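J.: Attaching a single structure in structure tokens format; questions to follow.
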Amino acid sequence: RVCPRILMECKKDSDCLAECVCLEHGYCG
Amino acid sequence: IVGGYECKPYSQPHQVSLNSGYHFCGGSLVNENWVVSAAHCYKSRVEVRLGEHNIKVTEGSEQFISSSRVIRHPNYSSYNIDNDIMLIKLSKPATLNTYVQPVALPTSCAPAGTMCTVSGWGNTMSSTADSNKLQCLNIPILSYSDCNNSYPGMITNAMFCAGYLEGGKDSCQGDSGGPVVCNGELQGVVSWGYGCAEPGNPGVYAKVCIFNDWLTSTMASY
Ligand SMILES: [Ca+2]
């Protein structure tokens, strides 16, 4: 949703910035 | 970069990769000692990699330089990604040559309809375009009406939209901090969007032309 375009690894949504979610591939988007 | 093409090697010689274990954001060289990027790309120490075309291969053109200072805009707001611009001072000056050249700061704001180039090593959403080789995309600046209509009430004076409302061509994760260059001047820094290359969701960019006073005073403050 508002999601900065930085490449960031994640497991769960809370690892991401703003309204980005952790997408299946292990990265925020 | 989604919907773009592989850049001619070193055609964007101001482009840098910010690396802390892997590429995570881009940036632009604006003189021998300083790089402009996005404030949400902040890390206290980053390695800046210049003269890159394929980031996973040593080509002989590269300069890897550690930051000595990383300075976010004082008014950056993480909640809504406002005033998303940052300066990075290199611990030693870059050697300027055929592969590494600075980009000029803007003399004025570019009007809607100006055609610009954005570049980066981010997600291409394609099995054909390799994100390890620098990608290039030509995008027009959109009017504030179009920009605010796509993201109602979310667009501040420090932001502009650029791209295609039909979708298909856009910047994407891994491109943050990189350049939007229009007629030889850095007009934007890749910042945020909803998804990538979605219809009605163009990319939003930090508007460099309103930060010239902070950028040029900070590049000589210390
Ligand atoms: Ca390389």
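Each position is counted from 1, following the chain as shown.
So this one's X-ray crystallography, 1.8 Å, going by the header.
For all residues, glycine too, the Cβ spot is worked out from N, Cα and C.
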J.: In Swiss-Prot, B:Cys172 is disulphide-linked to which residue out of B:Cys147, B:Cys161, B:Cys196?
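T.: Of the candidates B:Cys147, B:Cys161, B:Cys196, the one Swiss-Prot pairs with B:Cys172 is B:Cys196.
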J.: Out of B:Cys7, B:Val57, B:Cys136, B:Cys147, which of the recorded positions is least crowded by other Cβ atoms within 10 Å?
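T.: Among the recorded positions B:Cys7, B:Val57, B:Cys136, B:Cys147, the sparsest Cβ neighbourhood within 10 Å belongs to B:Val57.
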J.: Check each of B:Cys25, B:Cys41, B:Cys161, B:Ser176 (the recorded positions) against chain A and write down, in sequence order, those whose C-beta lies under 8 A from a C-beta there; write 'none' if there are none.
T.: B:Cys25, B:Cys41, B:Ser176
J.: Out of B:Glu52, B:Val57, B:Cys147, B:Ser176, B:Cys209, point to the one nearest B:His40 (active site, charge relay system) in space (Cα versus Cα); all of them are recorded positions in the record.
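T.: Given the candidates B:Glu52, B:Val57, B:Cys147, B:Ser176, B:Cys209, the nearest one is B:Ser176.
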J.: Out of B:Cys7, B:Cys41, B:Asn54, B:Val57, B:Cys209, which recorded positions lie by ligand 1, with a C-beta less than 6 Å from some atom of it?
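T.: Going through B:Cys7, B:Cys41, B:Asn54, B:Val57, B:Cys209 in sequence order, those close to ligand 1 turn out to be B:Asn54, B:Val57.
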J.: Please identify which of B:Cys25, B:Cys109, B:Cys161, B:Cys172, B:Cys196 has the densest Cβ environment, defined as other Cβ atoms within 10 Å, among these disulfide-bonded residues.
T.: B:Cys25
J.: Where the distance is taken from Cα to Cα, which of the recorded positions B:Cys41, B:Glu52, B:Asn54, B:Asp170, B:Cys209 turns out closest to B:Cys147 (disulfide bond)?
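T.: Minimum Cα distance from B:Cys147 (disulfide bond) across B:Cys41, B:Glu52, B:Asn54, B:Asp170, B:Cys209 lands on B:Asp170.
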